[PDB]
Amino acid sequence: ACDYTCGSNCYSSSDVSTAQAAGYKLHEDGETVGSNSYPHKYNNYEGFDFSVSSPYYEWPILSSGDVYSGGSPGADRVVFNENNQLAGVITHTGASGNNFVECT
Ligand SMILES: Nc1nc2c(ncn2[C@@H]2O[C@H](CO)[C@@H](O)[C@H]2OP(=O)(O)O)c(=O)[nH]1
């Protein structure tokens with residue numbers, strides 16, 4: 001069964017830790033990838049009650065199992081903080097426009 005289900009996409013904890021480790025080292029290195037320049041700040045417009053503190057950063061998580069390296073980010077994201085603490089897994093899947101909803 002899925003630890004996080006983003007629409008139709010299924011992720012285990014391992015998938016999430018892997019994406020997150022990747023996202024956080026580029027953040028620490030001040031490196032960005034992709035046309036959207038990931039990882040980038042996540043403002044939490046949605047108002048998600050995360051149990052970890054701000055600021056937050058979002059990094060894509062791919063259904064392929066591959067780590068993001070440019071190209072299309074897909075609709076799923078891992079949100080981590082400055083301490084490299086997981087805040088949550090979110091998606092545009094099922095959200096209207098560029099809004100986000102949590103992955104279950
Ligand atoms: N919906 C949403 N988009 C955010 C937030 N923070 C940054 N973004 C960005 O705000 C714009 C409109 O949503 C996009 O550039 C989006 O980028 P992402 O698509 O890369 O996440 C946030 O909290 N919510």
# chains A, B, ... in the order shown; residues from 1 in each chain; ligands from 1
>>> residues_near_ligand(ligand="ligand 1", cutoff="8 Å", atoms="only C-alpha atoms and all ligand atoms", output="VMD selection string")
chain A and resid 36 to 38 40 to 47 58 77 92 97 to 100
>>> closest_atom_pairs(of="region 23-70 of chain A", to="region 86-91 of chain A", cutoff="10 Å", atoms="only C-alpha atoms", output="JSON lines")
{"residue": "A:48", "atom": "CA", "partner": "A:88", "partner_atom": "CA", "distance": 9.0}
{"residue": "A:49", "atom": "CA", "partner": "A:87", "partner_atom": "CA", "distance": 9.1}
{"residue": "A:50", "atom": "CA", "partner": "A:87", "partner_atom": "CA", "distance": 5.6}
{"residue": "A:51", "atom": "CA", "partner": "A:87", "partner_atom": "CA", "distance": 6.7}
{"residue": "A:52", "atom": "CA", "partner": "A:87", "partner_atom": "CA", "distance": 5.7}
{"residue": "A:53", "atom": "CA", "partner": "A:87", "partner_atom": "CA", "distance": 8.1}
{"residue": "A:54", "atom": "CA", "partner": "A:87", "partner_atom": "CA", "distance": 9.2}
{"residue": "A:56", "atom": "CA", "partner": "A:87", "partner_atom": "CA", "distance": 7.8}
{"residue": "A:57", "atom": "CA", "partner": "A:87", "partner_atom": "CA", "distance": 9.3}
{"residue": "A:58", "atom": "CA", "partner": "A:89", "partner_atom": "CA", "distance": 9.1}
{"residue": "A:59", "atom": "CA", "partner": "A:89", "partner_atom": "CA", "distance": 9.7}
{"residue": "A:60", "atom": "CA", "partner": "A:91", "partner_atom": "CA", "distance": 9.4}
{"residue": "A:61", "atom": "CA", "partner": "A:89", "partner_atom": "CA", "distance": 8.8}
>>> atom_distance(atom1="CA of residue 1 (chain A)", atom2="CA of residue 64 (chain A)")
16.8 Å
>>> residues_around(residues="region 11-26 of chain A", least_positions_apart="6", cutoff="7 Å", atoms="only C-alpha atoms", output="mmCIF file with N, CA, C and O atoms, in the first residue's frame")
data_model
loop_
_atom_site.group_PDB
_atom_site.id
_atom_site.type_symbol
_atom_site.label_atom_id
_atom_site.label_comp_id
_atom_site.auth_asym_id
_atom_site.auth_seq_id
_atom_site.Cartn_x
_atom_site.Cartn_y
_atom_site.Cartn_z
ATOM 1 N N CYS A 2 0.382 2.357 -0.403
ATOM 2 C CA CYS A 2 1.051 3.630 -0.497
ATOM 3 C C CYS A 2 1.187 4.404 0.792
ATOM 4 O O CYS A 2 0.203 4.639 1.515
ATOM 5 N N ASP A 3 2.402 4.886 1.049
ATOM 6 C CA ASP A 3 2.572 5.708 2.273
ATOM 7 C C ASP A 3 1.921 7.062 1.967
ATOM 8 O O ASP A 3 1.380 7.677 2.891
ATOM 9 N N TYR A 4 2.036 7.518 0.730
ATOM 10 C CA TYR A 4 1.455 8.801 0.331
ATOM 11 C C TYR A 4 0.823 8.587 -1.039
ATOM 12 O O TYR A 4 1.520 8.095 -1.920
ATOM 13 N N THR A 5 -0.431 8.980 -1.136
ATOM 14 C CA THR A 5 -1.043 8.797 -2.468
ATOM 15 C C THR A 5 -1.446 10.193 -2.951
ATOM 16 O O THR A 5 -2.164 10.928 -2.240
ATOM 17 N N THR A 32 20.034 25.260 -8.236
ATOM 18 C CA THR A 32 18.628 25.132 -8.683
ATOM 19 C C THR A 32 18.517 24.274 -9.911
ATOM 20 O O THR A 32 19.412 24.283 -10.820
ATOM 21 N N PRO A 39 15.217 23.370 -5.897
ATOM 22 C CA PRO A 39 14.122 23.581 -4.940
ATOM 23 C C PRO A 39 13.883 25.070 -4.820
ATOM 24 O O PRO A 39 14.838 25.851 -5.049
ATOM 25 N N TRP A 59 10.256 20.600 -3.657
ATOM 26 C CA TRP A 59 11.074 19.846 -4.608
ATOM 27 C C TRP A 59 10.146 18.763 -5.207
ATOM 28 O O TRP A 59 9.421 18.073 -4.459
ATOM 29 N N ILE A 61 8.884 15.276 -6.667
ATOM 30 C CA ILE A 61 8.972 13.833 -6.461
ATOM 31 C C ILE A 61 8.270 13.290 -7.735
ATOM 32 O O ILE A 61 7.209 13.810 -8.121
ATOM 33 N N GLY A 65 10.298 7.153 -9.991
ATOM 34 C CA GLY A 65 11.181 6.647 -8.922
ATOM 35 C C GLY A 65 12.552 7.308 -9.045
ATOM 36 O O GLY A 65 13.531 7.027 -8.336
ATOM 37 N N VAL A 67 15.087 10.603 -9.410
ATOM 38 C CA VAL A 67 15.281 11.881 -8.676
ATOM 39 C C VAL A 67 15.152 12.988 -9.671
ATOM 40 O O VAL A 67 15.639 12.871 -10.824
ATOM 41 N N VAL A 78 7.547 17.315 -2.605
ATOM 42 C CA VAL A 78 8.007 17.059 -1.240
ATOM 43 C C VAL A 78 8.297 18.486 -0.648
ATOM 44 O O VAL A 78 8.916 19.316 -1.303
ATOM 45 N N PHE A 80 10.109 20.352 2.480
ATOM 46 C CA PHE A 80 11.055 20.172 3.590
ATOM 47 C C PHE A 80 11.362 21.542 4.193
ATOM 48 O O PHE A 80 11.122 22.593 3.592
ATOM 49 N N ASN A 84 15.912 20.331 7.278
ATOM 50 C CA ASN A 84 15.787 19.097 6.530
ATOM 51 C C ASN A 84 14.733 18.192 7.225
ATOM 52 O O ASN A 84 15.017 16.996 7.271
#
